[PDB]
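A.B. asks: Below is structure-v8.cif; it holds mmCIF, C-alpha atoms and all ligand atoms.
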data_query
loop_
_atom_site.label_atom_id
_atom_site.label_comp_id
_atom_site.auth_asym_id
_atom_site.auth_seq_id
_atom_site.Cartn_x
_atom_site.Cartn_y
_atom_site.Cartn_z
CA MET H 1 77.12 -51.87 76.98
CA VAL H 2 79.64 -49.83 78.97
CA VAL H 3 81.25 -51.34 82.05
CA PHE H 4 83.50 -50.05 84.81
CA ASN H 5 86.94 -51.34 85.73
CA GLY H 6 88.42 -49.82 88.83
CA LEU H 7 87.77 -48.76 92.39
CA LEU H 8 84.24 -47.95 93.54
CA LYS H 9 83.78 -45.90 96.69
CA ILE H 10 80.21 -45.43 97.83
CA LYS H 11 78.89 -43.85 101.00
CA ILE H 12 75.31 -44.78 101.87
CA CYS H 13 74.40 -41.71 103.92
CA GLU H 14 70.73 -41.89 104.80
CA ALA H 15 67.26 -42.82 103.61
CA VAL H 16 63.92 -41.14 104.13
CA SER H 17 60.27 -42.10 103.78
CA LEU H 18 60.87 -45.85 103.92
CA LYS H 19 57.60 -47.78 103.88
CA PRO H 20 56.98 -51.01 105.81
CA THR H 21 55.71 -53.76 103.50
CA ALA H 22 52.53 -55.70 104.26
CA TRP H 23 54.73 -58.62 105.25
CA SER H 24 56.88 -56.63 107.68
CA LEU H 25 53.60 -55.40 109.13
CA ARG H 26 52.08 -58.85 109.71
CA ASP H 27 53.37 -58.36 113.26
CA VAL H 29 48.15 -56.07 115.60
CA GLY H 30 47.96 -52.60 117.12
CA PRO H 31 45.54 -52.65 118.75
CA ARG H 32 45.70 -48.92 117.98
CA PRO H 33 46.45 -46.79 114.91
CA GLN H 34 50.24 -46.80 115.05
CA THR H 35 53.23 -46.28 112.79
CA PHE H 36 55.39 -49.36 112.31
CA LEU H 37 59.10 -48.56 112.59
CA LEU H 38 61.57 -50.70 110.65
CA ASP H 39 65.05 -51.88 111.68
CA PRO H 40 66.60 -51.08 108.28
CA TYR H 41 69.92 -51.63 106.57
CA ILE H 42 70.94 -51.38 102.95
CA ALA H 43 72.71 -54.15 101.09
CA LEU H 44 75.20 -53.13 98.40
CA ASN H 45 75.36 -55.43 95.35
CA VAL H 46 77.47 -54.97 92.23
CA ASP H 47 76.12 -56.98 89.31
CA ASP H 48 74.97 -60.12 91.08
CA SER H 49 77.40 -60.16 93.98
CA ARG H 50 76.89 -58.86 97.50
CA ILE H 51 79.62 -56.39 98.44
CA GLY H 52 78.37 -55.74 101.94
CA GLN H 53 75.73 -54.00 104.00
CA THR H 54 75.34 -50.97 106.24
CA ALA H 55 74.71 -51.39 109.95
CA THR H 56 71.11 -51.93 111.01
CA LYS H 57 69.37 -48.94 112.57
CA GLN H 58 66.73 -49.62 115.21
CA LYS H 59 63.13 -48.42 114.87
CA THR H 60 63.29 -45.83 112.12
CA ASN H 61 61.91 -45.30 108.62
CA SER H 62 64.43 -42.48 107.99
CA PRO H 63 67.74 -44.15 108.94
CA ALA H 64 71.10 -42.39 108.84
CA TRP H 65 73.92 -44.89 108.30
CA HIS H 66 76.81 -42.90 106.85
CA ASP H 67 78.57 -46.17 106.08
CA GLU H 68 81.25 -46.20 103.41
CA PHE H 69 82.31 -49.06 101.14
CA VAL H 70 85.28 -49.41 98.82
CA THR H 71 85.48 -52.30 96.39
CA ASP H 72 87.42 -53.31 93.31
CA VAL H 73 85.11 -53.60 90.32
CA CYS H 74 85.85 -55.85 87.36
CA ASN H 75 83.62 -55.54 84.30
CA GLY H 76 80.97 -53.90 86.45
CA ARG H 77 77.54 -53.32 84.95
CA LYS H 78 75.40 -51.94 87.76
CA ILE H 79 75.02 -51.17 91.44
CA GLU H 80 71.92 -52.18 93.37
CA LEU H 81 71.06 -50.81 96.79
CA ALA H 82 68.44 -52.92 98.54
CA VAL H 83 66.79 -51.89 101.79
CA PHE H 84 65.88 -54.72 104.17
CA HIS H 85 64.13 -54.93 107.53
CA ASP H 86 66.38 -56.87 109.94
CA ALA H 87 64.18 -59.74 111.15
CA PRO H 88 64.90 -61.34 114.57
CA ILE H 89 64.36 -64.80 113.15
CA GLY H 90 64.69 -66.05 109.60
CA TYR H 91 65.35 -64.20 106.36
CA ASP H 92 65.19 -60.42 106.43
CA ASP H 93 62.28 -58.68 104.71
CA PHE H 94 62.84 -56.86 101.42
CA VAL H 95 61.67 -53.25 101.70
CA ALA H 96 62.75 -51.32 98.61
CA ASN H 97 65.59 -50.90 96.13
CA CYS H 98 67.22 -48.87 93.39
CA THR H 99 69.64 -49.70 90.60
CA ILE H 100 72.36 -47.47 89.17
CA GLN H 101 74.09 -48.39 85.90
CA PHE H 102 77.81 -47.66 85.81
CA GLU H 103 77.07 -46.37 82.30
CA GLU H 104 75.09 -43.45 83.71
CA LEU H 105 77.75 -42.75 86.34
CA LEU H 106 80.47 -42.61 83.68
CA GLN H 107 78.71 -39.98 81.58
CA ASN H 108 81.21 -37.21 80.72
CA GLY H 109 83.10 -36.05 83.79
CA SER H 110 81.90 -38.88 86.03
CA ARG H 111 84.15 -39.99 88.87
CA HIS H 112 81.91 -38.22 91.42
CA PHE H 113 78.17 -38.57 91.94
CA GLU H 114 76.23 -37.32 94.93
CA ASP H 115 72.45 -37.07 95.21
CA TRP H 116 69.17 -38.63 96.29
CA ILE H 117 68.13 -41.75 94.40
CA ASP H 118 64.49 -42.81 94.37
CA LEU H 119 63.72 -46.21 95.86
CA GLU H 120 61.03 -48.54 94.54
CA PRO H 121 58.26 -48.81 95.68
CA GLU H 122 58.82 -45.84 98.00
CA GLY H 123 61.45 -43.73 99.72
CA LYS H 124 64.80 -42.31 98.68
CA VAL H 125 68.44 -42.76 99.63
CA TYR H 126 71.25 -40.21 99.57
CA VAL H 127 74.52 -41.60 98.30
CA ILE H 128 77.98 -40.33 97.41
CA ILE H 129 79.68 -42.31 94.68
CA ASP H 130 83.26 -41.94 93.45
CA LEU H 131 84.88 -43.96 90.69
CA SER H 132 88.58 -44.37 89.98
CA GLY H 133 89.18 -46.52 86.95
CA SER H 134 88.06 -46.57 83.34
CA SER H 135 85.03 -47.34 81.22
CA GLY H 136 84.99 -50.06 78.59
MG MG A 1 69.77 -60.00 111.09
#
Could you show the structure in this file as structure tokens?

C.D. replies:
Amino acid sequence: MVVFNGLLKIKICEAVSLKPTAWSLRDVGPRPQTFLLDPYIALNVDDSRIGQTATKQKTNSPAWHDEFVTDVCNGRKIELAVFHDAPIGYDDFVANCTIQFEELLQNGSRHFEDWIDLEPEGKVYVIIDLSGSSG
């Protein structure tokens, strides 16, 4: 089990090697070119959206350095989901990663900082601090 009860502070610093999905690519060269996303990361705790970073224009290695602080009640996990900001309609899912509060609370806890692998591709650097208790 293991849940978190307290304040969660997370800084979504930057991502690298983001890969455009076939859908985001649907829109014809006509020359071998690299498609650049307009990415942002959505922060979800359990199944609730906490917020999202700003959208960066034309880059697959965005640097947001956006910080979020939220009160967590019986928190199970954090999900970071990268999206491509579409001009019209729903944004396109790009990649994601999930972090269980249980792994963050392992002896010592309170402060985590490192690169987290995104699925299918890429990685995001985050700084996570917890101020509460496990249970
Ligand atoms: Mg939008």

A.B. asks: What's around region 126-131 of chain H at 12 Å? Count only C-alpha atoms, leave out sequence neighbours fewer than 6 positions away in its own chain, and write the answer as a PyMOL selection string.

C.D. replies: chain H and resi 3-17+42+44+62-73+76+79-81+98+100+102-107+109-119

A.B. asks: I'd like to know which of H:43, H:55, H:125, H:2 is closest to residue 93 (chain H), using all atoms listed in the file.

C.D. replies: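 Going through H:43, H:55, H:125, H:2 one by one, the smallest distance to residue 93 (chain H) is for H:43.
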
A.B. asks: For CA of residue 54 (chain H) and CA of residue 92 (chain H), determine how far apart the two atoms are, in Å to one decimal place.

C.D. replies: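 CA of residue 92 (chain H) lies 13.9 Å from CA of residue 54 (chain H).
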
A.B. asks: Considering only C-alpha atoms and all ligand atoms, state which residue in the set H:53, H:35, H:135, H:21 is at the smallest distance from ligand MG 1 (chain A).

C.D. replies: H:53

A.B. asks: List all protein, DNA and RNA residues that have at least one atom no more than 8 Å from any atom of ligand MG 1 (chain A), counting all atoms listed in the file, and write them as a PDB file with C-alpha atoms, keeping the file's coordinate frame.

C.D. replies:
ATOM      1  CA  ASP H  86      66.380 -56.870 109.940  1.00  0.00           C
ATOM      2  CA  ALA H  87      64.180 -59.740 111.150  1.00  0.00           C
ATOM      3  CA  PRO H  88      64.900 -61.340 114.570  1.00  0.00           C
ATOM      4  CA  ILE H  89      64.360 -64.800 113.150  1.00  0.00           C
ATOM      5  CA  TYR H  91      65.350 -64.200 106.360  1.00  0.00           C
ATOM      6  CA  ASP H  92      65.190 -60.420 106.430  1.00  0.00           C
TER       7      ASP H  92
END

A.B. asks: Looking at H:77, H:122, H:56, H:36, which one is nearest to residue 136 (chain H), with distances taken over all atoms listed in the file?

C.D. replies: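 For residue 136 (chain H), the nearest of the candidates is H:77.
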
A.B. asks: Looking at H:75, H:49, H:61, H:134, which one is nearest to residue 37 (chain H), with distances taken over all atoms listed in the file?

C.D. replies: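 Residue with the minimum atom-to-atom distance to residue 37 (chain H): H:61.
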
A.B. asks: So, with all atoms listed in the file as the atoms that count, which of H:20, H:52, H:33, H:90 lies closest to residue 123 (chain H)?

C.D. replies: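 Going through H:20, H:52, H:33, H:90 one by one, the smallest distance to residue 123 (chain H) is for H:20.
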
A.B. asks: Report as AutoDock Vina command-line options the centre and the edge lengths, in Å to one decimal, of the axis-aligned box holding every listed atom of region 50-63 of chain H, padded by 4 Å on each side.

C.D. replies:
--center_x 70.8 --center_y -50.7 --center_z 106.4 --size_x 25.7 --size_y 24.4 --size_z 25.7

A.B. asks: Grab the CA of residue 25 (chain H) to CA of residue 99 (chain H) distance for me, in Å with one decimal place.

C.D. replies: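 Separation of CA of residue 25 (chain H) and CA of residue 99 (chain H): 25.2 Å.
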
A.B. asks: Using Å and a single decimal, report how far CA of residue 40 (chain H) sits from CA of residue 59 (chain H).

C.D. replies: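 Atom-to-atom, CA of residue 59 (chain H) to CA of residue 40 (chain H), that is 7.9 Å.
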
A.B. asks: My list of candidates is H:78, H:60, H:18, H:1. Which is closest to residue 120 (chain H) when distances are computed with only C-alpha atoms?

C.D. replies: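 The closest residue to residue 120 (chain H) is H:18.
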